[PDB]
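# Survey of secondary and tertiary structure
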Amino acid sequence: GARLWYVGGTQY
Amino acid sequence: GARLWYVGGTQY
Amino acid sequence: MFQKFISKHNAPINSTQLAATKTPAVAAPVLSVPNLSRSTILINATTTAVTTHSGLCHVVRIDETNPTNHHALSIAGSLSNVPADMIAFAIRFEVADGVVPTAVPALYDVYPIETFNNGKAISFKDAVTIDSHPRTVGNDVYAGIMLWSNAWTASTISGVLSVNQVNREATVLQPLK
Amino acid sequence: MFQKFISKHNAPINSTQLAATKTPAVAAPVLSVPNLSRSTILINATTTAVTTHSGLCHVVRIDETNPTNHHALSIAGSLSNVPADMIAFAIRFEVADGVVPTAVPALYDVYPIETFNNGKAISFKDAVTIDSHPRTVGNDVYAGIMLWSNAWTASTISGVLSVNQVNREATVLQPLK
Amino acid sequence: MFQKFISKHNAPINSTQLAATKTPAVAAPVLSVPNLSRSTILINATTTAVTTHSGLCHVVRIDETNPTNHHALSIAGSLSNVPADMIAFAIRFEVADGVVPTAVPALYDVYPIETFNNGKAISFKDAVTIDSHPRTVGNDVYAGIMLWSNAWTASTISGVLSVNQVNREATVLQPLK
Amino acid sequence: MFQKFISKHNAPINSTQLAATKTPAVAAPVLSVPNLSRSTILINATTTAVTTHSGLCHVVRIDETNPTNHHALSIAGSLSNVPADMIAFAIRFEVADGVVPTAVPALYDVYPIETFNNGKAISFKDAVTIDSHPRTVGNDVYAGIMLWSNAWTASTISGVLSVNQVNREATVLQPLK
Amino acid sequence: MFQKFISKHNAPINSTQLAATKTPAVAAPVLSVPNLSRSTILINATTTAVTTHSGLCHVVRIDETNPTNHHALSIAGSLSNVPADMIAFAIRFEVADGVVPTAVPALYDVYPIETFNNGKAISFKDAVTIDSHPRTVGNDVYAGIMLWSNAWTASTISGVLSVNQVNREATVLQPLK
Amino acid sequence: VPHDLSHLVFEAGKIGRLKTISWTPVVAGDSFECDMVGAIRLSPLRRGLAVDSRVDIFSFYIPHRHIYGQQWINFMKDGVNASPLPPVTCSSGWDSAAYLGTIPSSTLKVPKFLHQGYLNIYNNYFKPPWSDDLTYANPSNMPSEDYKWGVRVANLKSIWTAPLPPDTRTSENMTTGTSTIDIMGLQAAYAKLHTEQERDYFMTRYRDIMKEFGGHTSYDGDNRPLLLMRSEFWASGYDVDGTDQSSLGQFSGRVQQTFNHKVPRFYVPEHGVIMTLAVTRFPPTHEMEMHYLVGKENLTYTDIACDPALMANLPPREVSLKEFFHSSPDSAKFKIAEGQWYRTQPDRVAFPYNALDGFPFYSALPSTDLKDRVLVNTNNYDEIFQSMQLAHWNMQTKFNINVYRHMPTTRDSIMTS
Amino acid sequence: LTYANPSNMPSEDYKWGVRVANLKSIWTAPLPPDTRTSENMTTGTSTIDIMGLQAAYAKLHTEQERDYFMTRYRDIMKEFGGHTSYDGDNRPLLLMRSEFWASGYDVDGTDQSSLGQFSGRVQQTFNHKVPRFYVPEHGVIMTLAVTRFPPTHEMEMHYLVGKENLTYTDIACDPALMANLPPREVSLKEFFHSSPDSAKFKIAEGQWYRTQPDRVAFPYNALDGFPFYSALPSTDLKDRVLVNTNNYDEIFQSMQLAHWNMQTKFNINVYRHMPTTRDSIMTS
């Protein structure tokens, strides 16, 4: 579904 | 592509 | 390193304490009352001195019921104050059926193994393949360990003895399975 | 030649130095405070002389939690100034639960192995398959090595002793893998 | 633990009691009349003292009929009042065909094994691969165990001895099959 | 019979002759300057008599570079004029990094094996699985054989000693491949 | 039980009787004239007493022709009236090429094994993996068994010795094939 | 003309660490294409296969200018007599540049663009985003294992493995008057916090705060290595059945995975290196993780009802490794989004397992510390393999590259002519 | 190889045969060692002959060609647009040539100790066909085999990464430059991680940009079973080109069948004008 994890950008 | 190795002839 | 999960003698899980003198002649007496397929005794054995090449035993009574004639009989002892002449060969004999031995008849078979004796102590762990059915109709068959030497002096030889009859396997826990 | 990567006794990676006298009676005391699944002690053991066929121990406390009733208990010693009567049979006993032994009760099981003693030194490396669950509800189960002989004199017997409870395997590096 | 179902010496199921003195010289006599492929004797051997490095035997007579030249000959003894010099190497020799030895000729082959002797007792269990056909047409081939030492004194050395010629296997009951 | 192509101790192909007295105290000295993964010394060792249960060593310096923490360390000796108390347990210790021992610190681990001593000679061949990485950052790790007994008298004990660190296998020629 | 069809020492099928005194110094002489890949001698060895930790040998001459550098060299002895100090380590040395040794140079390699000595008798059966090619161009390479101890007295030590160089296997008859 | 710069690669590394497997120096104006095809193997594991590992292969382009800055610019301008470009220094170990998939030259030094190049690729795409940059100067400055097997990459998103940014505000004060508040000031207060919150959660990167403006920033605006191609896959294999007396009923999982990666032709604007790195990881399955609702004792209306109004309107919730792991300290905290426990589900491993080596799971407890307990804890996989001198995983690939240039030629260079 | 008799050739040269050349790499096919890196034209003290210079270049050209490509008569001929019979230079005539890659499969160990261990089994079916051929004169037809592995060393480094300070000439790949300066003399040291600064060889400028070495992680260089070059090159040109066989001894288990063995059925068919079996034994 919708986004979940938020680190402050993109983490591979 | 083009030749590379040059020994002074043919080496098997 | 990997763990060795194979042994020559897989003693019953339980041991029966012995304590009882004996007179180890040729007609080698019986240490502890014979169990059924496995036991392990630690009978501070007391042994009247005997200079005549005879001896005292400890065997079990083999289970006579399997369509497989030949079974594996594994023994294993460690004894002290053992005359530094101790040889533990194994044995088998058939008494009449239903009868309880008090010592081996004149009629028994021997099977050598790997017994090592130092001075006052002896041990072993080997396997002998004996025939499981009564050689004669009306009798039963018994087998175990026998201590044999020249000079059997006034001494209490303590240690332990185990005998089993591979009727079944005892499989334990293997961590990678 | 290829390297043998299988052993009978895979001692813990670490050893705890012992040093403590003892009085090795029948009610065989306990050498070092029992650890949990493996230890290896090298307790220049000091041993008050005792002429009565009793003895002193060193076992660990087995881990009572695995749906597999039967586990493998491997021991291994090398001792000096050991009376040339030394027999190292193994053992197991269940004390009440949560209780810490200071010696084996009158109630314990024995399992023979392959102990070899010369004069003043003895070693071993064998495997015995014992039952891992408390035989009775409210207690725990302990197991290890026991030194047993006739005459236990005034001497400090140094050497080492290791006991493990194959709960898990310790697999090392194999160069062809 | 799993049961070891492999052995180095699988003695015949039956043993023949011996009792007969001997004079163990170089031209090493023969203990018991040679059987055919396996026997196991427990001849309280009586041995005239002999200080000259000679000795007395016990071998069987190999079966000379199999398109396979090389066979396996496994022996196994345990003896008492054995001079603490006892070496049991094995042997093989070919006498003329149909002839029954009463001792080994000057012509025999040796094959070392793993004999261990303490003081007054010795045992062994090993395997030697000898050649099964008569090296020469008109003769037969015999092989077994030989006791060899310096000083052979006035003593009756009892114990047992077994020799077999892996012609066939003896397969017993395996509980997981 | 087929040839056994598996061994417990695969000594380096080369041996370094030793000859150098030593004083075998607890702070057990070092026989020969430590090599790197395997050596085999035959140092008619000369040994100042010492009655205090201490001893002298011979180990190598383990190679600290393999993503596999646990390695196999196999030893093997045969010594003469060895006090009939000789126990060869193995060992491991970590000295600071780059430092060359001249004897074992107070801090070392032991691992029992199968040492057999008669009177004046002792041998062994076993395998112990030790942990290969420096237990602490700034140091290195060493391991080998240690001779330990009560009474160390005025005598030159010659024999040999080998220690290897199964980092790699040494595979020889197998005739059926 | 099934028959073990694997051995550590598969002696040649034939043995050469020895009889010849020797003087076992450091520059350890040679017992019997070196054969080629296997022999087995039973040289009632006569041994001038020598108190200096030197010794006498028996090796064969390795076959220098196989693209496989590392070969397996298996030995096996049983000796009497052997000083109860006997250590049989193995060995290898390269003499100039085509030359026949009469004893080992100052330059030889050692490889420990599993030698057991009691009092007056010693045996062994082990395997050592040596390098098969001449370490230097113009020479050949020899290897075998060496008896080493402190005190070598006036005595004839009889027994036997076998050495082989697994160049090829000797496969016998297996009854289930 | 096509320049075949193909070569074989024999690789190996740890589990959650980024490692360079290949690099090809490129010149300004050449086109680069590669076809990397091989097989990925894991060290032999102690039991049968249970869970597939996922593999990520990356190819990036980092121009030199990005690395030497103005120094490079001058170098190109100066031309033939430009001052040589100083390489970087390394640590005493043949395996001291490993992370750079190259053997440190004889003097234990290596290209800075290999080092910084690598540094730049991690600090921009792998390092957690609230986290601090790897400002390592030389490989002789990075931890032994960081440069042996490579720096630790981040665990696969879980609930506890992707906490809210630790610097995340759980409250915000507006200094008010003693007996009055400015209704208009309050409004403003909210506008500022918004801009702050966004930076905290999503725009920790310039290039990111830009994008939300509806603009774009060239990888040249923020000197970021350009991600050219990305392949991801799950490696598998088969079990091997033991068949001797003792190991009959025992198995060993063999992970053989054929993979392929294709970097489409690419136009190299300027001179630089193309780095190709690999990263092997397992899903963050811990043997002791508990469902938040089941680990936090008294359940309030807010925790159990999932009231939209509530979840959609209160501050992030600060929780401890203790409401998620069965023994874990009450003290190791992290900020979670309210109702996060209802958007997810942990994996569940029966206790019978936590005593078993051969399972690619997390045995040990987390790492009290945020960072460390996110970027994967490799070592907790050491017990899963048998023997290993080929690390945790090894790879054998044939890097089929093809570069189209305007090169001299082999005979015209050696032909003084 | 001006060996007179086989009793004159090295033991292993005549046991297993003389060493063939490694498969072309950068370091495994250096420029001819006698390759000129400069050429002087003796000039006057305060003048040069503009026309003499021109000529100087023409001669060096002819020299350079012989050095690099026409070390063989038959070769200096071909570049003249002519041809030379294998009878002009007494060269054995190459009738047929087959090349292939041998493979096999792994064998999975399954006992307690070697469960997770494998042994590669290389079984390769091959075939070779020598088309019918007309034998002009009496002679022998020799059929030889040569098995080789790509020259993968466990310690070869990328030239640019092994040579410390990078100049404009090394890193820019300026066409004008590469296309116009002398061959570059390098050492086993700009290519191998420990190798002596002293073992040199001549490479073509920008050669490092026309190629790429294979790369083997350090974790390997401590592992026997991999058909790679462990050891360091051989300081000497020759030796370090013609393959160093011995560095493969560690890759196999046991071997009394060398490194490789072959079982082939040579199906030959010769058409003659022969007597016959009965007409020769028939005095008649």
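Thresholds applied
- Residues numbered from 1 in each chain as written, not as in the entry; some residues may be left out.
- Chains lettered and ligands numbered in written order.
- Part of a larger assembly, values for the part shown.
- Heavy atoms only, no water.
- UniProt positions renumbered as here; feature names shortened; annotations may be inferred.
- Pairing = 2+ DSSP bridges.
- Helix = DSSP H or I, 4+ residues; strand = E, 2+ residues; numbered from the N terminus.
- Axes fitted to C-alpha atoms, helices over the stretch in contact; angles between N-to-C directions.
- Core = buried A, V, L, I, M, F, W, Y, C linked by side-chain atoms within 4.5 Å.
- Buried < 20%, exposed > 50% of the residue type's maximum accessible area, 1.4 Å probe, protein only.
- Contact = heavy atoms within 4.5 Å.
- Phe/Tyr/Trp six-rings, centres within 6.5 Å; stacked < 30°, edge-to-face > 60°.
- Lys NZ or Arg CZ within 6 Å of the ring centre and 35° of its normal.
- Patch = residues over 30% accessible without salt bridge, like charges linked within 9 Å, V, L, I, M, F, W, Y side chains within 5 Å.
- Areas by Shrake-Rupley, 256 points an atom, 1.4 Å probe, with all protein chains shown as cover.
- Salt bridge = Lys/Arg side-chain N within 4 Å of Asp/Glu carboxyl O.
- Buried area = accessible area lost by both parts, 1.4 Å probe.
- Polar contact = N/O pair within 3.5 Å; in protein donor to acceptor, adjacent residues only side chain to side chain.
- Nonpolar A, V, L, I, M, F, W, Y, C, P; charged D, E, K, R; others polar.

Structure determination for this PDB entry was carried out by X-ray crystallography, with a resolution of 3.0 Å recorded in the header.

Looking at the PDB entry, chain I carries the name BACTERIOPHAGE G4 CAPSID PROTEINS GPF, GPG, GPJ, with the source organism given as Enterobacteria phage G4. Taken directly from UniProt, the Subcellular location text for chain I runs: "Virion".

The name the PDB entry assigns to chain C is BACTERIOPHAGE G4 CAPSID PROTEINS GPF, GPG, GPJ, from the organism Enterobacteria phage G4. The Subunit comment attached to chain C in UniProt states, word for word, "The virion is composed of 60 copies each of the F, G, and J proteins, and 12 copies of the H protein. There are 12 spikes which are each composed of 5 G and one H proteins." In UniProt, chain C has this text filed under Sequence similarities: "Belongs to the microvirus G protein family."

## Observations concerning the sheet that holds strand β5 (residues 44-47) of chain E
Hydrogen bonds between backbone groups are what pair the strands of a sheet, and the pairing can be parallel or antiparallel. Residue and element names in this part refer to chain E. Read across the open sheet, the three strands follow the order β3-β5-β16; overall the sheet is mixed. Sheet topology places β3 (19-22) and β16 (155-157) at the edges, where each strand pairs with a single neighbour. Here the average twist between neighbouring strands, direction ignored, is 25°.

## Comments concerning the nonpolar core
In terms of nonpolar packing, the biggest core is built from 120 residues, with H:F32, H:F126 and I:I171 touching the most fellow members. In terms of residue count, helix α3 (residues 112-125) of chain H provides more of this core than any other element does, seven residues in total. Other than its neighbours up to four places away in sequence, H:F126 contacts A:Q11, A:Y12, H:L18, H:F58, H:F60, H:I121, H:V153 and H:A154.

## Structural notes on the packing of aromatic side chains
With the rule as written, the count across this model stands at 58 aromatic pairs over all chains. Here H:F282 and H:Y381 contribute two aromatic rings whose centre-to-centre distance is 5.1 Å and whose plane-to-plane angle is 35°, an arrangement assigned as tilted. Of the two residues, H:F282 is situated in the loop between β12 (272-281) and α6 (292-295) and H:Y381 in the loop between β14 (333-336) and β15 (393-404); the sequence distance between them amounts to 99 residues. Accessibility expressed as a relative area gives 2% for H:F282, which makes it buried. Here the aromatic residues A:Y12, H:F58, H:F60, H:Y122, H:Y125 and H:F126 are joined through ring pairs into a cluster of three or more. When the ring centre of H:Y125 is taken as origin, the NZ or CZ atom of H:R207, which lies over that ring, is 5.8 Å away. Here the guanidinium or amino end of H:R254 rests over the ring plane of I:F118, the centre of that ring lying 3.6 Å away.

## Focus: the sheet that holds strand β14 (residues 139-148) of chain F
Residue and element names in this part refer to chain F. Within the open sheet, the four strands sit side by side as β7-β14-β9-β10. Their pairing is antiparallel. Of all strands in the sheet, those with a lone pairing partner are β7 (55-61) and β10 (109-111), marking the two edges. The sheet shows a mean angle of 30° between the axes of neighbouring strands, taken without regard to direction. Of the strand pairs in this sheet, strand β9 (residues 87-96) and β10 are connected by three bridges, and their pairing is antiparallel. Along β10, the bridge assignment pairs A90 with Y111.

## Quick look at a nonpolar patch on the surface
All names here are of chain I. On the surface, a cluster of nonpolar side chains totalling about 560 Å² of accessible area is made up of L93, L95, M96, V130, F133, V135 and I141. In this fold, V130 is placed in the loop between β2 (118-121) and α3 (159-162). With a relative accessible area of 45%, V130 lands in the partly exposed category.

## Re the interface of chain I and chain H
Many structure descriptions define interface size as the accessible area lost when the parts assemble. Across the boundary between the two partners, chain I contributes 61 residues, which contact 73 residues of chain H. Buried surface at the junction of chain I and chain H, both sides included, amounts to about 5700 Å², of which 63% is carbon and sulfur. Counting the contacts that link chain I with chain H gives two salt bridges. If you list the elements that add at least two residues to the side of chain I that touches chain H, you get α1 (50-68), β1 (105-108), α3, α4 (168-171), α5 (175-178) and β5 (215-216) of chain I. Among the elements that make up the side of chain I that touches chain H, the one with the highest residue count is α1(I) (six residues). Of the pairings in the sheet, the one linking strand β2 (residues 7-13) of chain H to β5(I) comprises two bridges and is parallel in character. By the bridge assignment, H:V9 is partnered in β5(I) with I:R215.

## Looking at the environment of C:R92
All names here are of chain C. The topology assignment puts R92 in strand β9 (residues 87-96). Expressed as a C-alpha distance, the spacing of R92 and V60, which sit 32 residues apart in the sequence, is 9.7 Å. Setting aside anything within four residues of it in sequence, one finds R92 in contact with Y108, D109, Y111, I130, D131, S132, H133, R135, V141, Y142 and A143. From its side chain, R92 meets the backbone oxygen of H133 in a polar contact 3.1 Å long.

## Details of unusual backbone geometry
A positive phi angle is found at G:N81, which is not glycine, with a value near 55°. Mapping G:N81 onto the fold places it in the loop between β8 (70-79) and β9 (87-96). Positive phi is not limited to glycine here, since I:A258 has a value of about 50°. Tracing the backbone shows I:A258 in the segment after β5. We classify I:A258 as buried; its relative accessible area is 14%.

## Some remarks on the interface of chain F and chain G
On the chain G side, the residues contacting the 41 residues of chain F number 47 residues. Both faces considered, chain F and chain G share a buried interface measuring about 3700 Å² in area, 56% of it formed by carbon and sulfur atoms. Counting across the interface, chain F meets chain G through one salt bridge. With a shortest N-O distance of 3.2 Å, F:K125 and G:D126 are connected by a salt bridge. Across the contact surface, chain F and chain G share 19 residue pairs in polar contact. In terms of residues, the side of chain F that touches chain G owes the most to one element, strand β8 (residues 70-79) of chain F, which gives four residues. Across the side of chain F that touches chain G, the residue classes tally to 19 nonpolar, 19 polar and three charged.

## Side note on the side chain of F:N66
With respect to the helices, strands and loops of the structure, F:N66 is situated in the loop between β7 and β8. The contact partners of F:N66, leaving out residues within four places of it in the chain, are D:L173, F:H71, F:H133, H:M388 and H:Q389.

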